[PDB]
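The form deposited in one PDB entry is given below as one chain in structure tokens.
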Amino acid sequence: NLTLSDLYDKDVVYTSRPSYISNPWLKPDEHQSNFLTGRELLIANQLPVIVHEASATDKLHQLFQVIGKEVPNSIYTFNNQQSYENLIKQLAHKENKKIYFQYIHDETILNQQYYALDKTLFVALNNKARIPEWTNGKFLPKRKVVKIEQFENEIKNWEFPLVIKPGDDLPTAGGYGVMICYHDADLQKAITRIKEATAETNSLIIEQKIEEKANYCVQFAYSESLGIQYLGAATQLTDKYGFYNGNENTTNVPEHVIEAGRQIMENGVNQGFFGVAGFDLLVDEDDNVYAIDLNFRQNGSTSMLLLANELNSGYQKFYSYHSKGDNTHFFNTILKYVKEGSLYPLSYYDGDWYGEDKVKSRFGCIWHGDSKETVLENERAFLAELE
């Protein structure tokens, strides 16, 4: 029954929001970024979280009250960019807090000395170009990191399918900075996107696209008293282009998959890492393991695994949904399904904070039931009532 406050010091404050200053490889909707601020609320425990006002309205309290939870009293709210950045500065300077960023912000928002985890180390651990440095040089697909001036001549040497990823120090997540190419038409689109991002891109990772049979996020935790602890694994729900939609629970993770992730966790810990980490480990048809993405931080599958004690173990689906336009029907359909027992609410972004149906409401949840077929029928019926 681990919680995040077990892993971070008493002076740490947490923000899971992307900065209002985006980069071409992490450009989620402003409302998607605000919706993310409340994702880890149920596992934060004593860790204070910076949350958009619309992410902690009475709508969230109602959904939590059904599952017998409260909205944590230790939240700091913001409602725009200026108050968000001012809050972060005031917390570090006046409250003498240390800020844990899921995604780094620029130094003019907060100097690196106020980061809860060493910024240089955090950036290096979460740098996709530097993955082989953390895997003892194993588990990676056929890959090469090339400077952007050599990308055109190098890409011609590769067969489809392939993946192109930024190879610099910019934050990325959720599939916002991955270009999976299955044919020349995909590559043509990727080349244009790279060209429009010339200002922020100095190098590119070229990687063979693995024909995976499984896609795990294998999670671990570390603190000086706990040691290195395996948290479990989740299957990733990502579309054909790597865009992240959610997670499913797992039943029998192979031993060598867990051990590949643990060795990576040990390498990070030996460099000073602490907290939660999650590693994307693919498995092909011949049972080879591929480390394609290291997340030395929490992510979405962390809530699923840390809340496993409250969920049906037969089948779980972590997912997010948008309002179809009518936020009132959206919320009331959700609240109805939460009371039916097989829908665990995690986060709610109340679009009616901006006025009646002016912004789409957003809902993060875990479907959980005895069988996959019964769970998916429950989700399909929920989606039908939303039209």
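Residue numbers run from 1 along the displayed sequence. Definition used throughout: the rigid core is the maximal C-alpha set that superposes within 1.5 Å between two forms.
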query	finding
Per the entry, higher mean C-alpha B factor between 122-130 and 313-321	313-321
349-357 or 336-344, whichever carries the higher mean Cα B-factor	336-344
Highest-ranked of 236, 172, 252, 102 once sorted by CA temperature factor in the record	252
Selection from 145, 283, 179, 269 [criterion: highest C-alpha temperature factor in the record]	283
For residue 209, the third of its chain into which the C-alpha B factor falls	middle
Residue 364, C-alpha B-factor rank within chain (lowest, middle or highest third)	middle
B-factor third for the C-alpha atom of residue 164 within its chain	lowest
Residue 232 - Cα temperature factor, lowest/middle/highest third of chain	middle
Chain-wide C-alpha B factor ranking for residue 52, given as lowest, middle or highest third	middle
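FYI, the form deposited in another entry isn't displayed, but the following is about it.
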{"query": "Mobile residue between this form and the one not shown, C-alpha criterion 2 Å or more, rigid core, from 117, 307, 190, 75", "finding": "190"}
{"query": "Core superposition between this form and the one not shown, C-alpha change of residue 93 at least 2 Å", "finding": "no"}
{"query": "Large Cα move at residue 133 between this form and the one not shown, threshold 2 Å, rigid core", "finding": "no"}
{"query": "Core fit, then residue 239 C-alpha moves 2 Å or more between this form and the one not shown", "finding": "yes"}
